Amino acid sequence: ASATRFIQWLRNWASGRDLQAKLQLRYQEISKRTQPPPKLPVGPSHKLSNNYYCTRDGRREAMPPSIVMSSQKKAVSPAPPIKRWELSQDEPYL
Amino acid sequence: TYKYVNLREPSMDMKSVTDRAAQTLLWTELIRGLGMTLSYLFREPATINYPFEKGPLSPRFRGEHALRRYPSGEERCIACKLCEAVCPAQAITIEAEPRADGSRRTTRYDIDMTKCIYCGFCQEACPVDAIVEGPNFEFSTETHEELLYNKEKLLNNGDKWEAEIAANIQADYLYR
Amino acid sequence: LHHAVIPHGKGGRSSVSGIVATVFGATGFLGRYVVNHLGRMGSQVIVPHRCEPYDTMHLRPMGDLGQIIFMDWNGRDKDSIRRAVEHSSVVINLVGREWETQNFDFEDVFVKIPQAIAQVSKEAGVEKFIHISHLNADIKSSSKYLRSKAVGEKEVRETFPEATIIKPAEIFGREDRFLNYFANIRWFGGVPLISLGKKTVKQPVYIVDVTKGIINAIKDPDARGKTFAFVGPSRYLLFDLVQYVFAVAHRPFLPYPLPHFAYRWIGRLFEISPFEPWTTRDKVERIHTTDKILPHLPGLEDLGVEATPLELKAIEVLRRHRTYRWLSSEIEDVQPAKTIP
Amino acid sequence: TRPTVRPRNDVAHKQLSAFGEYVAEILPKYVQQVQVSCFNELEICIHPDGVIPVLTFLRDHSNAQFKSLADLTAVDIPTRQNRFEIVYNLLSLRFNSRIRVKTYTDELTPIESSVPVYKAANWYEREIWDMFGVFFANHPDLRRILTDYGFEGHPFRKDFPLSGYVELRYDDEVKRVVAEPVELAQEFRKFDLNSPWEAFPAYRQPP
Amino acid sequence: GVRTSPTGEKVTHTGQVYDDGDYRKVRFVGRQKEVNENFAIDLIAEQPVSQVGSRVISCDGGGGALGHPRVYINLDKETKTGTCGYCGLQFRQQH
Amino acid sequence: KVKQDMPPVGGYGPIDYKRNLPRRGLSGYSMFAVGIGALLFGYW
Amino acid sequence: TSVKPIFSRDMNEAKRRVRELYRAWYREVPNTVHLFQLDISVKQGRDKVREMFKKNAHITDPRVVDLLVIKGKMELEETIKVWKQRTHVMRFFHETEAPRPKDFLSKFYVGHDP
Amino acid sequence: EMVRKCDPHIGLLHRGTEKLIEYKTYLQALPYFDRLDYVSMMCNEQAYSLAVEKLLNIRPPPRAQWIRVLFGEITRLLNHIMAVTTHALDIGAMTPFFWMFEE
Amino acid sequence: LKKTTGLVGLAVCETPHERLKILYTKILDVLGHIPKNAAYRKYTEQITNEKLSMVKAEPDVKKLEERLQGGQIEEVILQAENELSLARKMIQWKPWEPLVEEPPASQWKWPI
Amino acid sequence: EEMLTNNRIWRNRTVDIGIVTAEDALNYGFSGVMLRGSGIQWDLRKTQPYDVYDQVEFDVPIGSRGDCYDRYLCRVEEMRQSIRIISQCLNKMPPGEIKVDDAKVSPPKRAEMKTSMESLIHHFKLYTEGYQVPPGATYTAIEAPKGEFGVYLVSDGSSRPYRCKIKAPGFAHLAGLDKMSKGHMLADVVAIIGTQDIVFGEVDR
Amino acid sequence: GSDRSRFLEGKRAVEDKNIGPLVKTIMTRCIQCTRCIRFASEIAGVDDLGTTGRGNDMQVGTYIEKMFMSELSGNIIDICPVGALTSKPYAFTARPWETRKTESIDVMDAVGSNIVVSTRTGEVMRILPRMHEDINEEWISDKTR
Amino acid sequence: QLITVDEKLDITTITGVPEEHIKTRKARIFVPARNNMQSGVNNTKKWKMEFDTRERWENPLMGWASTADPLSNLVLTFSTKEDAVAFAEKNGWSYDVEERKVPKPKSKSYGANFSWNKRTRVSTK
């Protein structure tokens, strides 16, 4: 930020860019190092009623694997064939 | 969506061909690269003047450990051993007994700072804010034995650093 | 035994051997092996040092955490001696120098200093005391080094009657000034030997044998008050030994006889060096002193150490003295020197 | 859609089940069990003799096309007479699907090297040999890969101790690094953590 | 407080001190024994007993959620004071 | 009320990411012409 | 009792693999001592090789013998290609380890280990 | 200088991470994943977290999922700067390393 | 005609329709030696005939690629070559045969 | 890019160096840029998305020559796409809690831990025993910066994993170094090591 | 149980009671299960423990000041499900997860009670009973304990 | 093709264990007794194998518990006694097996608390 005008011009010309608009050294646009305290929200299970744990218990819904075949009609694939990707409309070629 | 990084066909009009001949013979794209390093020569360097200047840190920084007290001066640690149980490195060793006044207090509280991974789990686990990682990171030593902290060292750290530690906890305890 | 010195563990790095040893002269050739062997088994070692702390760094890996403790000391200051010994159970004295300096002469290092360590150790209640003398120590010796070894040996026994005194021959090993000394002569062309080395007989002893003998003396209750002579298993003529040295190193050997008076003049020349003299008159004398035969003293066999033949270990010392052409020659490529029967 | 519970994808469970019995129908000589977990992962448990036929079929068959071997590992279960379970995790880019193939072996029984099917399997099998001691037959170059030269034992076995049997230090007398029996200044502290109360009734084993 | 043994070695708040003839005190020679001088057992005793008007009082150590878990202390015995098991503050019920 | 780190009401301003290597320099003809011009002056 | 073999179908076939490995180790010792510049003699190196083969003389399972030979070949390959360093070669000689006497009394004096 | 064969010998940084994890709780094992690809720390944490969340049959809240993607892509920037600049440094171009390591 | 398939090492095929017809017809011939009731034969004939139908009835490469859903037509040719290689290998393995051996009692029980 | 991308010296060191074909890359177990540099259209963030990757827009860079230069271009463009994703994450960041509101898995807030009996119990148990995980095994992978990073995680129902195999993308990549270096000089092997983007913390574990 | 609390009131607090030097009582932790009362009456044959008051103020104890010094008294530490009754000698010295359990035999008498010796870092920390139906069931004597 | 091997399984030479920790060790095969402090029985389901306890000593520096026993923390879990015994035999460990102790079935009767003429009448509830 403290460079003289001629030096700013010289390095702007050498790099071909306007380097003063996006300096890599941080000045005063960064946040203050002291902030007001937060007040964080609570989660969906913070309730006084209609909140029995047995209705929101993910672990107790896990089940042992389904046995499809054990040693005790059209062909299928594991899933449908993957759809072909489309070219980017933002910038297809770099 | 995808894009091609390198799938382009150079044009073959005489101007473009000569433009490339000048590039090959006059080194124009190599000269261009010299321009970039020249611009950096005249940019102010990013170097800070350590130890007179310090890199920025935040209240959450995990540094040297310390055992804390209540405002009365009593130790916060009540030898629950939660920090010892959670320590991923098994860096904490604790023994405890009833104090002469009956209090539940430690007789051993060691942290092997060469085992510790400075993960902060111990201070998350502590129910009374007894064990913390303070903001000090400048405590390298000349011997290995100097990094095997016992309770006296850790309490001295707390007394040494409590002014900063309390302010750091004040800034961040509402995110915890 | 105080409960802190009861042995525990299986004799490894993290064990407790129960030995608390103060080793004076631990920063030298013999000390590095003694400190290594103590630290191997989990002993507490106090290393009082006069030198720059940089020159004690090789000792640091030798013990588990907290098992090597370094202290500053001065051979003239008796307080500095007291602080380094008053917690120890054994004191080992390896202080010595092969040349005199402006500040310390043979009397200082082989009489005054060893006597002070023994006196302070006795006053401090130290139980065991091991003192290294020399096989060829003799009051009637042309070598002032050996004359002082005789005086100090008598003083230690009188000050600390229960001391174990060890009298080794010349000791050979990687960092010795024996095999390395002869091998380094090559830099002057031929090898000058008084009377062509035919009138001297040496019985050199391996460094690890001396170290194991020192360690077994600490643990042996019978070693208290005794005097041992640590000698190698074979005697050689000096000429044969030096010829063997040059054969192992594959260096050209040109021995020529030099009279005693001419060698002394050469010795005085090298003494002018203000650093570590390459040789001295006294060094020339000791190298040409025949190694005494002392059948009445106990030896390495009496401490459970089987002496290592020089033939099995010379290459370990002398390989670095060869040129590239001969670096890889094996141990069996050189025939042993004639051993006196 | 309870916010804290992982949602169920029933379409995938149906699709993977259908393909599960599709593989069982085609390779009955080797397939012993097929299962799909509650998070939609299909596992094929086969006799070890079928490692090459099953993996070749999954790679090459036009309705499978599992061209990438994502991972090949082993698990040690000492209570089984065949203590080592060998696990192949495969990926199909054509069908955007994954499949796990599992077989078994013991300390003295070789498994066929699957390098001819997946060149990726070369180093994975060296790791399994190194860490578990499972020998792979016809491996182009089977040797330790992770452990130290001359290391004795197979550390990832459940009965190999955590800190091993030997440790290293530099010894000044022999002027080299030496190996000696392991002694720890502080023994690792074994914690007994399991609660004595059952957690998941759905997985209770019959008495 | 911090006492010294007859050898001069400070006694810690845990009562530790090497006895004479313990070689391990050599580790302090030329250096020092780190001892914290603020004994918590002495500091807490200095706090005054708090008089309250109820049979049960709660303690969280002070500072809200920066103290310890909130506990309730019964003050029915007049033969002694209620003590917080976390921080050691004492309470008494007045008349 | 709830206070936590959030974006500003309207969002953040646009952020460049696409490659930008500006086009600079004279054409091949002009550059060669200057080179030959210097050479001819040197020879003369 | 019907199991898949590793290499050898029986102990007679296995013992042939052992002998070939012993020859390979026996021939290599002079090279190992020279290349690694060891301070042991070829006799010591070959005695050690014999000691390592002797400790497994009681095996009667062809699969176990086959695995011992496979590891022996791997160990030999590490040595011949100087993947091993001098420290690895010398680990067979346990030079820095002090003798642990095997008599009852000697163990009794030093600790509780049987 | 023609390369006739490459034989990468690894294990010089093998630290038995996978055996050590068997002695840890799921929380205690999490920091081991920071130290695997120690340039992509938070991406490694995420992979382990997704695996445990899958076996647990629980779902992380939407804000955490957005923070994870945000810091996953910041981590991807960290990795690619290291990947490209050290790659260029090995090939002899030392200056991009310094410009980009300030970022 | 395509200039490139986009996948490194996959050359563009000049005559993909005829090449596909050769390969699928070869695949069907090899399946003839597999037992009729083997599931590998029944399934592979079914899906192989579907692809052969689509190649015959669609002359445009791009429109054919869309129907096949196998990526580039060169990718589809490679898959046909892979399937043909598998069919030959299946003849020696004979995986349609009954299970060679049951596992021990609790080989697949988890948790132990 | 001004320093490298069109620099002829850079191109000479990277163009047509370490060419790997799309077929070999798949069979050798490659992933990430090591696949896309050779034209394979694959990215787990697109095909098997996790977290909220299905809600952000970005492009996957694809190579054409399968050499070091194309893999360098892919990584540079991937950085630009990362910035593009970061922009959306900043704008679309929602409010709410940041760990699952289920105190048998995620520890309670410290203020709850110090007031509520249930929260103190769960905090105590989570930091000592830890949460139990229902028995099972999963292979889970993400599009890590170096490629596909996965864990094969085996639970036995207790609070400690029974087995944890880590799948490091660099493990398979480094195993292909000998294949990729064929016909190249020593200084090309230096380039090829860098193009694989290897970190031995993950290769060795 | 559930994973959170909706109790927004103040808690009950109960005074502690001395019942000897072996069992420490922190009775605010008592959950009024009456296991101790039943054990004292039925196993130890001692009718000193009981409940006083009623409702939420019901208190387990001896009403008067009395020590529960039976040769089997220490067993109420085991059967108390909470930390209301704990061992005074063991107080604060260890946590359960860190102890190693050695299954052994008591030698304080000739009954041969089966015990578990809890140790930590090379030190014996406490003695617990070990179920043997044909010997000590799940009890030990105070001398054993 | 399968071969016939009729010997007992003994992998002691290929497991890499030092000799002192095969022949000098004593494995204990048992079902852990219930922790008497708790009523839950879920830690009494499986069989365990543990080894004899060896010396621990105080570290001179810190007072920590040092050991030279590499098997000090090694614990193996088995579904049945037979599985544990087979594992011990093939590894060459001498072992002691202890029978699983199952709680005896009991006759519980709430009504006995109020017996007309028996001693089971309780004096308090």
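The letters A, B, C, D, E, F, G, H, I, J, K and L name the chains in turn, as written, and every chain counts its residues from 1.
Just so it is clear, a residue touches a chain if its C-beta (ideal position, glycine included) is under 8 Å from a C-beta of that chain, and two chains touch if they have at least 3 such contacts.
The chain lineup, named per UniProt: A = NADH dehydrogenase [ubiquinone] 1 alpha subcomplex subunit 7; B = NADH dehydrogenase [ubiquinone] iron-sulfur protein 8, mitochondrial; D = NADH dehydrogenase [ubiquinone] iron-sulfur protein 3, mitochondrial; E = NADH dehydrogenase [ubiquinone] iron-sulfur protein 6, mitochondrial; G = NADH dehydrogenase [ubiquinone] 1 alpha subcomplex subunit 6; I = NADH dehydrogenase [ubiquinone] 1 alpha subcomplex subunit 5; L = NADH dehydrogenase [ubiquinone] iron-sulfur protein 4, mitochondrial.
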- Task: Could you pull out the chain whose C-alpha mean position is farthest off from that of chain J?
- Result: C
- If you tally C-beta contacts across B-E and across B-L, the winner is B-E
- Message: Please tell me the distance, in whole Å, between the geometric centres of chain A and chain J computed from their C-alpha atoms.
- Response: 14
- Rounded to the nearest whole Å, what is the centre-to-centre distance of chain C and chain J, using the mean of the C-alpha atoms as each centre? 61
- Message: On a C-alpha centroid basis, what's the spacing between chain H and chain K, in Å?
- Response: 50
- Item | Averaged-CA centre spacing for the pair chain F and chain A, given as whole angstrom | 30
- Item | Where chain A touches two or more other chains, by residue | 15-16, 24, 37-41, 43-46, 56-59, 61-62, 64-65, 71, 75, 81-82, 85, 88, 90-91, 94
- Within chain L, the set of residues that touch 2 or more other chains is 9, 11, 14, 34-35, 38-39, 55-62, 64-66, 68, 77-79
- Which residues of chain I are in contact with two or more other chains? 43-44, 47, 70-71, 99, 102-103, 106, 111-112
- So, in the complex, the side of chain J touching chain I is made of residues 19-24, 38-40, 62-66, 135, 137, 156-157, 162
- Query: For the complex, which residues does chain B have touching chain L?
  - Reply: 93, 108, 110, 145, 148, 150
- Query: Inside the complex, what are the residues of chain D that reach chain C?
  - Reply: 169-173, 175, 180-181, 183-185
- Of all residues in chain H, which touch chain A in the complex? 55-59, 61, 99, 102-103
- Touching chain G in the complex, chain D uses residues 108-110, 135, 137, 142-144, 148-150, 171, 173-174, 176-181
